[PDB]
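> Take this structure first; my questions come after.
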Amino acid sequence: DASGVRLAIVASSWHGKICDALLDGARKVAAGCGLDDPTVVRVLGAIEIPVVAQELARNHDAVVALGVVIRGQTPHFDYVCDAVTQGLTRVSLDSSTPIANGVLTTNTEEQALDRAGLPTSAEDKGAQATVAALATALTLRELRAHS
Amino acid sequence: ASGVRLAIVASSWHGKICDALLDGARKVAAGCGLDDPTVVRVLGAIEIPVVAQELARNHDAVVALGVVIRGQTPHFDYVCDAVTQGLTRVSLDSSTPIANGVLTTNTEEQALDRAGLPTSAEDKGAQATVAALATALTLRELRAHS
Amino acid sequence: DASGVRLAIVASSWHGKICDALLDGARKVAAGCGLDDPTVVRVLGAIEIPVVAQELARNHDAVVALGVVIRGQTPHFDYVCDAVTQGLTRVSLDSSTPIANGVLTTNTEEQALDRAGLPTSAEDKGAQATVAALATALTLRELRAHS
Amino acid sequence: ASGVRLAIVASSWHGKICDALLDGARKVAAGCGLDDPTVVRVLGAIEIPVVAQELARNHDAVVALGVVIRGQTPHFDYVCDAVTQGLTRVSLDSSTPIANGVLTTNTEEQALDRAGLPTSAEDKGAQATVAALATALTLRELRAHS
Amino acid sequence: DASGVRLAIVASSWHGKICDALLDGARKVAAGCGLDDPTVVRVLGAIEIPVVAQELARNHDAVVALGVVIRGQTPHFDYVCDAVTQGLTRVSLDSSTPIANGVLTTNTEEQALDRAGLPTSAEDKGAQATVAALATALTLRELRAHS
Amino acid sequence: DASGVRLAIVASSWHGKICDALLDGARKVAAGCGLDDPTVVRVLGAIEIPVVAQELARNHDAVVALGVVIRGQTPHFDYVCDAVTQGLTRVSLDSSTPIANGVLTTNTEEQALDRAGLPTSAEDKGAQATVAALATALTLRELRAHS
Amino acid sequence: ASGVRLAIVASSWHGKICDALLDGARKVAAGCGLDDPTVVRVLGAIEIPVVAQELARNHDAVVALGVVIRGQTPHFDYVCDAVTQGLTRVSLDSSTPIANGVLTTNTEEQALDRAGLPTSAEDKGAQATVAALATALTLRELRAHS
Amino acid sequence: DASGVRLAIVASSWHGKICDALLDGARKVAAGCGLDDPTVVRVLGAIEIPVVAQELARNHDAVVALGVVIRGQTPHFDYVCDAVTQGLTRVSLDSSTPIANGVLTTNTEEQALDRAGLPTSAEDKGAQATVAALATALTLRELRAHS
Amino acid sequence: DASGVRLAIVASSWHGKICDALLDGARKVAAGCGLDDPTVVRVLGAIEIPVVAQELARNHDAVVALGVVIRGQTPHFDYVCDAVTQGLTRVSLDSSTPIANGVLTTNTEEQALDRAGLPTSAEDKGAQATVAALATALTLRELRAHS
Amino acid sequence: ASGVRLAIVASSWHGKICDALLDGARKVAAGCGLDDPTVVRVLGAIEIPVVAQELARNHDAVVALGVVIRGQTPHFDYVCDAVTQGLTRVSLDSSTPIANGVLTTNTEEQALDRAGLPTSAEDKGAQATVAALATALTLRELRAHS
Ligand SMILES: O=c1[nH]c(=O)c2c([nH]1)n(C[C@@H](O)[C@@H](O)[C@H](O)CO)c(=O)n2CCCOP(=O)(O)O
Ligand SMILES: O=c1[nH]c(=O)c2c([nH]1)n(C[C@@H](O)[C@@H](O)[C@H](O)CO)c(=O)n2CCCOP(=O)(O)O
Ligand SMILES: O=c1[nH]c(=O)c2c([nH]1)n(C[C@@H](O)[C@@H](O)[C@H](O)CO)c(=O)n2CCCOP(=O)(O)O
Ligand SMILES: O=c1[nH]c(=O)c2c([nH]1)n(C[C@@H](O)[C@@H](O)[C@H](O)CO)c(=O)n2CCCOP(=O)(O)O
Ligand SMILES: O=c1[nH]c(=O)c2c([nH]1)n(C[C@@H](O)[C@H](O)[C@H](O)CO)c(=O)n2CCCOP(=O)(O)O
Ligand SMILES: O=c1[nH]c(=O)c2c([nH]1)n(C[C@@H](O)[C@H](O)[C@H](O)CO)c(=O)n2CCCOP(=O)(O)O
Ligand SMILES: O=c1[nH]c(=O)c2c([nH]1)n(C[C@H](O)[C@@H](O)[C@H](O)CO)c(=O)n2CCCOP(=O)(O)O
Ligand SMILES: O=c1[nH]c(=O)c2c([nH]1)n(C[C@H](O)[C@@H](O)[C@H](O)CO)c(=O)n2CCCOP(=O)(O)O
Ligand SMILES: O=c1[nH]c(=O)c2c([nH]1)n(C[C@H](O)[C@H](O)[C@H](O)CO)c(=O)n2CCCOP(=O)(O)O
Ligand SMILES: O=c1[nH]c(=O)c2c([nH]1)n(C[C@H](O)[C@H](O)[C@H](O)CO)c(=O)n2CCCOP(=O)(O)O
Ligand SMILES: [K+]
Ligand SMILES: [K+]
Ligand SMILES: [K+]
Ligand SMILES: [K+]
Ligand SMILES: [K+]
Ligand SMILES: [K+]
Ligand SMILES: [K+]
Ligand SMILES: [K+]
Ligand SMILES: [K+]
Ligand SMILES: [K+]
Ligand SMILES: [K+]
Ligand SMILES: [K+]
Ligand SMILES: [K+]
Ligand SMILES: [K+]
Ligand SMILES: [K+]
Ligand SMILES: [K+]
Ligand SMILES: [K+]
Ligand SMILES: [K+]
Ligand SMILES: [K+]
Ligand SMILES: [K+]
Ligand SMILES: [K+]
Ligand SMILES: [K+]
Ligand SMILES: [K+]
Ligand SMILES: [K+]
Ligand SMILES: [K+]
C-alpha cells in the first residue's frame, strides 16, 4: 500500500518531453500506491538534482530522482553521469534515505524514448524508480525503532 | 563463527539468479552455526547500500547480493559505480565488513555460472558470506579484549 | 525573477577567449534575471576551481563554475575532468548550495567554441549553467524555512 | 498532529512519578490523534539520550521523561548535566525536537507537584508532549513542500 | 543598512506577555533597518528554540532567539538555561551564522519585565539582540568573499 | 537474561578499595545475568576512563564506567567530575552505545564507602550501573534492525 | 613574531574598557613588529565566537577581547558560558590559538584594574596578545617545515 | 614498562616555579618507565594548552598537560578551568589518545605548592598525570590491533 | 632506520601463491629495516582489505596492503579494483597514515607473477610497497611535532 | 606572492623527470620572491596525498609533483585514480590549493616533453606552481581582512 510514506520527486528538464513522461510515470505509481500529494520539484539539468534531493531528504522518507542524459559529440556525457551517480549516492547515505535513480543515461535519443513510459516505450524507469523508492522506505521502516 | 551477527541484503532484479546467491549465502551461514541471519530484500542493486547502512548499525557483518547485467545502454556502468561507491563507504563509516556478492556481468550466462546452480563453476554468494564472516572474526581478534 | 539571489561565478583561464565567452553568457543571464553585480573570480585552470568555489559558497546562494578542458595527447584530460567533477559535486553537498557546472570538456577546440555562445555557436553552456544556478537557488529558497 | 511520528522514552528511577509523567504524555498524544506512539523504558535518566538518539532516527519528535531528585551528594548535579548535554546534542545531530520532561527537583514533593497527579499544580509530561508535537508541526511547515 | 540581510526571529511563549514585548522590540529594529518581513516563528519553551534556530540558519543570515526563563522553586531553571546556551552556541558555529541570544534568564518577573522594553523598562533585550544579529551578519558579509 | 550482550567494564583505581568493590559488584551482576567473561580493564583515574571507554565501545554492546571521585580541599573535584560527565556522554552518542555511569562523586569518604557495595554499604552503584548498561543494550537490540 | 598573521575581535559592551583592552593588544602587536592586525568589532561578547571562526580561516592567531560584568541576574553566567564554549570550540576546529582576553568580573572596578589604563594593576588585552603570538610561533615550530 | 610509548608534555608557564616542579615530576616518572626523551613544549597560560595538545596528539601515544590555575579576585578562575576541562576532554576523544590532566586548579598558592612535588609537598600531580598517561597508552596498545 | 616504526601488513588470499610471495618480500624489507615482528593479518579478497587496514591504522604508523586482482571474463575486475582504490585512499586520509598499495591489478597471471618477486620476476611490488610505507611514515615523523 | 607559504611534495618514480618538474617549480617560486619552499620527497605518486595533507596544515598552498607512465597492466589507471581522489579531497578538507603537477602519460617521451627540459614544449611543474600561488593569492583576497 505505502500510504504513510512521505515521497519527494525531483525531475530535471533537459529533454523536456522525456522528462515529463518519467515524472508522469512516477506520479502515477505514487497515486496507485495511495499517495496523491508527493512533493514534486523541477530542476534544469541532472547535475542540479543532488543538491535539491538533499533538501528533500531532510523531510521525506524517500526521493525519486528523474532525468535524461543522452550522449552527444563530446565526453561531457561521462561527467554529467559521474556527478549524478556520486551525488545521489552521497545524499542517500548522508541522509539515510533511499534516493531512487530514474535518471536515464543513454547513447541515443531512441534509447531514452524507449525507457520513459511514453506510449510506444518498452518500459518506464520513472515508474520503476518510484517502486524502488517506496519499497525501500517501507523496508527501512520495518527495520527501524518501533516497539 | 556462531556468535557473529550476520545480515544479508539481496536485490531482486534477475530474481532467480538473486535467489540462488541467497541460497548459497544462507547455507554457508548455517554451516558456520548461524541459522537466523537477518535477511532483507530490495528491488535493485542501487537500493542495497542504504539498507546495508541500516544493517551495519547492529550486525558484525553484512553480505550484499545482487545481479547487474549489461544491457543496451551505459546504465550498467552507473549502477555498478553506485554500488561500489556505496558499499565501500558504508563499510568504512561503520567499520563493519560489507562483502560484495553483487554480480556484474556482460551476459546472463556469466551470471548463472557464478550463482552456484547445479552446473555453475562457482557461487559468489557463498564466497561473499565466507568473506564477511572471516573478516568479522579477524576484526574480533584484533579488537578490545579481555 | 532572481533579483534577491547572491550569485558568484568562478571562471578558469586556460583557453581564455572561450572562457571570456562563457563568462559573457553567464553575466547576460544574470543581468536578464535582475542581477547586475555577481561576484566574479578568475583562476588559472579547471583544477583550481573547486577550492575557490568552496570559498564562494560560504557567502552566495549559487555559484557557477566556468572553464574549458580540451583533450590533448595524454590521459591527463581524464584526470582533470574527474577532479573537477568530484570537487564541484562535493562542494555543492557540503555547502548545500547549487554549484553549476559550466566547465566545457571537449575533444576538440571546434566543439568548445560551438558551446561557448559566440555568434555562430550552436549553444552557450555558460548561459545554461547560470540559468541552472539561479533556478536551483530559487527552488531551494521556496523549499526552505520561510513565513 | 495525527500524521506526526512520536516516540517517548521514560526512565524508571522514582517509578510512580515516572509512570504519572508517561500517563500525561500518552493522553496528550492520543488527544492529538496519536494512539500508538513508540514508548520505551530505561533505568535512569543517564540512559535516556542514547535511546532518544536511536528513536530520533525514525520519529519526528521524541519526549524524554524522568525524575532526578537531589540526594546527599553532588551526583544529582552530574546526572542532570549529562541529560542536558545529551538531549541537546541528540536534538541538533538529528534535527528533531527532543522535549525535556525530566524533572530535576530538590525534594520528592516538588517532583510530585509536577507529575500531574490529582493534587499536582502541573504536569510536565503533558507539557513536554505538547512541546514535542508543536515543534514537529512547526518544522514540517518550515520544511520542503509541495 | 541591513535591507539585504535575511533575518529570522524565533520566540518562545512561556511568559507570553513578556515574550511578545521582546518580539515587538525585535520587529521594530528590523523595520527601522529596512526589513518589514523577517521570518518569525513561535515555539513553546526556550528549550525548543535551538532546533528551530538550526532550521532557520540554513536559509537566513542571522537568527534572533527570544524568550523568558524565570527561576522557580527547583534547579530546573539552571538546566533550561544550560540547554539554551549550549544549543544556540553550537548552532551558530555549525551554521557559521550569528544567533543572537535575547533569551532572558532572571531570578524574578520584575527583572524580566525591566528588560523587555515596556514603557517603564530600563532596557529592551529583544531590540538589543536584533541589533546584535544584524550587525554581526553585516560584519561577516564584509569579511567574506565578494568583489 | 542478557547472555548474548557483549559487556565491557572500565574501572579507575583512585581510592582502590572502593574501586575494587564497585568492580566486584559489576562483575557479580554480569555473572548473575549469564556473562562470565566481560572485558575488564583498569585505569588510574576517572579522567582516564572516557578514552578507554571509547575503545571498548567499538566492539561491545555496553560499557560500565566505574570510579570514585571524593571532594578534597580544592576546586579540582568539580573539574574531574565535569570531564568524566562530558566524556562519557560524548562517547555514548559517538558510538551509539550505552555507557553506564558508576563513577561515584561524593563530598566525603563515608558517602563513597556507602555506595560501593562493601559489606556495610547501603548500596552498590557499580551493580546498579551494570544493570543499567545491560537493560539499555537489550532495549537497543529490540529497537534495531532485525527482520 | 613579525611573520604571524594576527586578528583581533573585540566586543563593545562597556566600550571604554573594551577600547583599553584593544589598545593594549595593538601595542603588543606593534611591539613585536606585526603587520597591521585584522581588527573587527562586535556588539556583545556572545557575538565573538562566530566572527573569531571566520577570522581563524585566514589568520595564525585570533585575540578575543571584551568585558562581561555581573549584573542583577544570572545572565552574566550564561554570557560567560557561551564565550568559553565557543572560543574553545573555534580553537580546536581551526587548530588556531584563540586567546581569551574577555574580562569576566563582578565589578566595574575589577575590569578597569585589568584593562591596562595608567592606574591598572594588569592589562589582559596585552597578555592575551602575547599568548596568541607565542602559541602561533610554537605551533609553526611543531608543524611541517624544512 | 613504557619504553615503546611516545610521550609528549605540554606545560603552561603562569606560576613558573610550580610549573617547573610539575614538569620535574613528569620527566622523572617518564625516565623511571624507560623514556629519557619525551617531547616537551611550553605555553603561556592554561587556556593555550588544548590547541598545542591537539597538535602533539597527532604524533604521540600520550600527552600530559601541566599547569597551575589559582583562584583570584574575579570569576575568571571558573572560565579558565572550564575551558581547559572542555578542551583536553575534546582533544582526547577526537585523537583517541590519553590526554592526562596535570593542571592544578586551586584556591590558594599553598595548595598548589602542596601538589607540585616539592620536597615538603604532600603529593605530585605532575608525576601522577604521567603515570596516568603512560598506563593508559599501554592499556590502549593491548586493546588495539596486534598479532 | 625504521626500528621505531609500527608496521602492519594486510594481505588478501585470492591467488595465494602470489600473495605469499608479495608478503615474503614485504617481511624481508621490514626485517632489513630492523622490524622482525610487523603485525600481519590475512583476509579473503582484496575488497576485504580496506576495513581491516582501517582497524590497523588506529594502532600503526604505516599499513601495507597486499593482494592480487587478475582480470577475468567479466567487468567485475574493474569494480574490485575501484573499491580497493577508493577504500585505501580514504583510510589513508581519515587516519593520516600511509597505506601503501601493493595490490596487484593485472590482465594476466604471468603479469602478476612477474611483479611478485619470485626468482624469475622483473620486480617485487610487495617489497616496493613496504619501502613506500616505511619511508612515508619516517617522513611524516620528521614533519610532525617533536623537539 | 612573496608572502605565500609554499610547500612542494614530489614523488621519485622516474626520478630524472620528477627532478626536472621540481626544478621548474623551484624556479617559479624563486622568481616570485618566495621564502625557501618546504620541499618533501616521497617514493610513488600514491604516497603524495597523505604528505600533502600534512603540509596543508602549515602552508597556503601545496604543489604535487610526480610522473605516472602507462605500463603493460591496468595499474596506471588506479595509481592516477588514487592521486586524483586524494589531492581533490585534501584541497577541500584543508581549504588549501593543491596544484596537480603529476604527469600522467602513455609514454616516456610525453612526460619528458612536459617536464621543462631545454627541448620540452612545456613545464607542468612550473605551471602547477603558478596555479598554486595564484590561487593562494585569490583566496587571501576573498577572505577576512581589513
Ligand atoms: O540490480 C539491478 N540489476 C540490473 O541489471 C539493473 C538494475 N538493478 N537497475 C536499476 C536499479 O538498481 C533500480 O533500483 C533503479 O536505478 C532505481 O533506483 C537497472 O537499471 N538495471 C539494468 C541495467 C541495464 O539497463 P539498460 O538495459 O541499459 O536500460
Ligand atoms: O521558556 C521557558 N521559560 C521558563 O521559565 C521555563 C521553560 N521555558 N520551561 C520548559 C520548557 O523549556 C519546555 O519546553 C520543556 O522542558 C519541554 O522541552 C520551564 O520548565 N520553565 C520553568 C523554569 C522553572 O521551573 P520550576 O518552576 O523550577 O518548575
Ligand atoms: O533517573 C534518575 N534519577 C535519580 O534520582 C538518580 C539517577 N537516575 N541516578 C543514576 C542513573 O541515571 C543511573 O542510570 C547511573 O548513573 C548508571 O548510568 C542516580 O544516581 N540518581 C540519584 C541522584 C542522587 O544520588 P545520591 O543520593 O546523591 O547518591
Ligand atoms: O583479491 C581478489 N582478487 C581477484 O582477482 C578477485 C577478488 N579478490 N574477488 C572478490 C573478492 O574481493 C571478494 O572478497 C568478494 O567481492 C566479496 O567481498 C574477485 O571476485 N576476483 C576476481 C575478479 C575476476 O572475476 P571474474 O573472473 O570476472 O568473475
Ligand atoms: O539532464 C541533462 N541531460 C543532458 O543530456 C545534459 C545535461 N543535463 N547537461 C548539463 C546539466 O546537467 C547541468 O545543468 C549543467 O552542467 C550546469 O550545471 C548537459 O550538458 N547535457 C548534455 C550532455 C551531452 O553534451 P554534448 O552534447 O556532448 O555537449
Ligand atoms: O578517580 C579519581 N578520583 C579522585 O578523587 C581524583 C582523581 N581521580 N584525580 C585525577 C585523575 O582523574 C586523573 O588521573 C588526573 O587528572 C590525570 O589525568 C584527582 O585529582 N582526584 C582528586 C580530587 C580531589 O583533589 P584535591 O584533593 O582537591 O587535590
Ligand atoms: O595558567 C594560568 N593560570 C592562571 O591562574 C590564570 C591564567 N592561566 N590565566 C590566563 C589564560 O590562561 C590566558 O593565557 C588567556 O586568558 C588566554 O589567552 C589567567 O587569567 N589566570 C588567572 C585566573 C585569576 O584571574 P583574576 O585574578 O581573577 O584576574
Ligand atoms: O582548464 C584547464 N583546461 C585544460 O585543458 C587543461 C588544464 N586546465 N590543465 C591543468 C590544470 O587545470 C592545472 O591548473 C593543474 O593541473 C592544477 O594545478 C591541463 O593540464 N589541461 C590540459 C589537458 C590536456 O593535457 P595534455 O595535452 O594531455 O598534456
Ligand atoms: O560583552 C558583554 N558584556 C556584558 O556584560 C553583557 C553582554 N555582552 N550582553 C550581551 C550578549 O553578549 C549578546 O550581545 C546578547 O545576548 C545578544 O546575543 C549582555 O547582555 N550583558 C549583560 C550581563 C549582565 O546582565 P544583567 O545586568 O544581569 O541583565
Ligand atoms: O609515481 C609513480 N609512477 C608510476 O608510474 C608508478 C608508481 N608511482 N607506482 C607506485 C605507487 O605510486 C605506490 O608507490 C605503490 O602502489 C605503493 O603504494 C607504480 O606502481 N607505478 C607503475 C605504473 C605502471 O605499472 P605496470 O608497469 O603496469 O606494472
Ligand atoms: K529522511
Ligand atoms: K511515463
Ligand atoms: K557494526
Ligand atoms: K547457489
Ligand atoms: K551558501
Ligand atoms: K557567450
Ligand atoms: K518551506
Ligand atoms: K527524525
Ligand atoms: K500525569
Ligand atoms: K546561514
Ligand atoms: K519592547
Ligand atoms: K558498540
Ligand atoms: K561491591
Ligand atoms: K526494530
Ligand atoms: K588558521
Ligand atoms: K590598555
Ligand atoms: K616539525
Ligand atoms: K595519537
Ligand atoms: K616535582
Ligand atoms: K587487541
Ligand atoms: K596511525
Ligand atoms: K617475493
Ligand atoms: K592551509
Ligand atoms: K624543468
Ligand atoms: K573579504
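Residue 1 is the first one shown; counting continues down the chain.
Using the three backbone atoms N, Cα and C, a Cβ is placed for every residue, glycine included.
Taken from Swiss-Prot, the feature active site, proton donor applies to J:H75, supported by sequence analysis. The annotation 5-amino-6-(D-ribitylamino)uracil binding site is assigned in Swiss-Prot to J:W13, J:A45, J:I46, J:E47, J:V67, J:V68, J:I69, J:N100 on the grounds of similarity to another entry. Among the features that Swiss-Prot reports, (2S)-2-hydroxy-3-oxobutyl phosphate binding site is placed at J:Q72, J:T73, J:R114, with the record citing similarity to another entry.
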> Through the lens of DSSP with three states only, how would you label J:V68 (5-amino-6-(D-ribitylamino)uracil binding site)?
strand
> If you measure every Cα to Cα pair among J:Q72, J:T73, J:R114, the residues listed for (2S)-2-hydroxy-3-oxobutyl phosphate, what is the largest value in Å?
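Those residues reach a largest Cα separation of 23 Å.
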> Expressed to the nearest Å, what is the distance separating J:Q72 ((2S)-2-hydroxy-3-oxobutyl phosphate binding site) and J:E47 (5-amino-6-(D-ribitylamino)uracil binding site) at their Cα atoms?
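Just about 22 Å between their Cα atoms.
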> J:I69 (5-amino-6-(D-ribitylamino)uracil binding site) to J:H75 (active site, proton donor): how many Å between their Cα atoms?
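Just about 10 Å between their Cα atoms.
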> Can you tell me the CA-to-CA distance separating J:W13 (5-amino-6-(D-ribitylamino)uracil binding site) and J:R114 ((2S)-2-hydroxy-3-oxobutyl phosphate binding site), as a whole number of Å?
16
> Go through the recorded positions J:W13, J:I69, J:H75, J:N100 one by one and keep only those whose Cβ is less than 8 Å from a Cβ of chain C; report them in sequence order, or 'none'.
J:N100
> Nearest of the recorded positions to J:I46 (5-amino-6-(D-ribitylamino)uracil binding site) by CA-CA distance, picking from J:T73, J:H75, J:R114?
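Answer for the nearest of the recorded positions: J:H75.
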> Might you list, by sequence position, any residue in that chain lying six or more from J:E47 (5-amino-6-(D-ribitylamino)uracil binding site) with a Cβ less than 8 Å away from its Cβ?
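In sequence order, the residues whose Cβ lies under 8 Å from that of J:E47 (5-amino-6-(D-ribitylamino)uracil binding site) (at least 6 apart) are J:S11.
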> Among J:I46, J:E47, J:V67, J:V68, J:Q72, J:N100, which binding-site residues lie by ligand 30, judged by Cβ under 6 Å to any atom?
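Checked binding-site residues vs ligand 30; nothing flagged, none.
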> Given that the record lists J:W13, J:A45, J:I46, J:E47, J:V67, J:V68, J:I69, J:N100 as binding 5-amino-6-(D-ribitylamino)uracil, what is the largest C-alpha to C-alpha distance among them, in Å?
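Answer in Å: the longest Cα-Cα distance is 16.
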> Just give me the nearest neighbour of J:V67 (5-amino-6-(D-ribitylamino)uracil binding site) among the recorded positions J:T73, J:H75, J:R114, Cα to Cα.
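Among J:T73, J:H75, J:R114, J:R114.
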> Of the recorded positions J:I46, J:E47, J:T73, J:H75, which ones put their CB under 6 Å from ligand 21?
none
> Name the residue among the binding-site residues J:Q72, J:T73, J:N100 whose Cβ has the smallest number of other Cβ atoms within 10 Å.
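It is J:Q72 that, of the binding-site residues J:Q72, J:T73, J:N100, has the fewest other Cβ atoms within 10 Å.
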> Same-chain residues six or more away whose CB lies under 8 A from the CB of J:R114 ((2S)-2-hydroxy-3-oxobutyl phosphate binding site)?
J:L103, J:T105, J:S120, J:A121, J:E122, J:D123, J:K124
> At a CB cut-off of under 8 A, do any of the binding-site residues J:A45, J:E47, J:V67, J:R114 come close to chain I? List them or say none.
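Listed binding-site residues meeting the cut-off: J:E47.
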> Near the Cβ of J:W13 (5-amino-6-(D-ribitylamino)uracil binding site), how many other Cβ atoms are there if near means within 10 Å?
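For J:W13 (5-amino-6-(D-ribitylamino)uracil binding site), the 10 Å Cβ neighbour count is 19.
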> Sorry to bug you, but what's the C-alpha spacing from J:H75 (active site, proton donor) to J:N100 (5-amino-6-(D-ribitylamino)uracil binding site), rounded to the closest Å?
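It is 20 Å, counting Cα to Cα.
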> For the binding-site residues listed here, J:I46, J:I69, which shows the highest count of neighbouring CB atoms within 10 A?
J:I46
> For J:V68 (5-amino-6-(D-ribitylamino)uracil binding site) and J:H75 (active site, proton donor), what Cα-Cα distance in Å is obtained after rounding to a whole number?
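Cα of J:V68 (5-amino-6-(D-ribitylamino)uracil binding site) to Cα of J:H75 (active site, proton donor) measures 10 Å after rounding.
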> Cα-Cα, whole number of Å: J:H75 (active site, proton donor) versus J:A45 (5-amino-6-(D-ribitylamino)uracil binding site)?
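Per the Cα atoms, J:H75 (active site, proton donor) and J:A45 (5-amino-6-(D-ribitylamino)uracil binding site) stand 12 Å apart.
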